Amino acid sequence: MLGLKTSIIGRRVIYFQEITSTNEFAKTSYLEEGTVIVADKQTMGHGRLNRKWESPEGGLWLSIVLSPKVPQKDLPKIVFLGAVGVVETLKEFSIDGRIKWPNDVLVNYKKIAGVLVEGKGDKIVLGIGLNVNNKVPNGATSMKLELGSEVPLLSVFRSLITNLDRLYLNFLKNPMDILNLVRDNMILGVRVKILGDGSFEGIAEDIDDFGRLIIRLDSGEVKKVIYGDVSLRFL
């Protein structure tokens, strides 16, 4: 009844009035590539390290099953597909989303969306949480708050699915292309603090050919950050 016209992402969509976590359901269940798992609300939504992701009714909480046939070294770029897709959808609705490396989307430095990619081999789950009309925690924002009016949730869904399908199809043929789109939509040229084993500060200059964040410390030392258990903080 949805009449989606995408090639891979959206071939099938499993909708839930409520679920524990779309990412958990997607990782656990036997699902075909391109299947989208979406729920009105999540009772156990999470980000990295099992951190709580508030998922009340009004937001877009979904996961996509992917089985990218590309080199291993390219797999880490899947998170970027999600971030860019969200940014493109926000721009369609005239909202200025910017990427906070490597998985967040901010609007005026307030978090409007988060991307979580999980994989156990050939099966990769791309999770996306986007605040639309729902109430949000402090430090966050939503499409409704930025526009001053409610936004049809299904319209956001259709837009995002269309963008992700296009981005994914091109990623399979040219896995390097996504990097340019990230650069063009990422917050750069500002001081950041990298949190992990210890921490250091510097100017976020750009991302390299592997998607690593390039940071220039005051001494002039250049560090390349690989995303894993490391958190980025703006000053």
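So that there is no doubt, residue numbering starts at 1 and follows the sequence shown.
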### Query
Looking at the entry, does 30 to 38 or 185 to 193 show the higher mean C-alpha B-factor?
185 to 193
### Task
Can you let me know which of the two, 115 to 123 or 93 to 101, has the higher average C-alpha B-factor in the entry?
115 to 123
### Task
Have a look at 82, 76, 152, 129 and flag the one whose Cα has the highest B-factor in the entry.
76
### Query
Based on the entry's values, in what third of the chain does the Cα temperature factor of residue 61 lie: lowest, middle or highest?
lowest
### Task
Check where residue 223 lands among this chain's C-alpha B-factors and tell me if it's the lowest, middle or highest third.
highest
### Query
What third of its chain, lowest, middle or highest, does the C-alpha temperature factor of residue 19 fall into?
lowest
### Query
Sorting the chain's CA B-factors, does residue 167 end up in the lowest, middle or highest third?
lowest
### Task
Within this chain's modelled residues, let me know which third the CA B factor of residue 138 belongs to: lowest, middle or highest.
highest
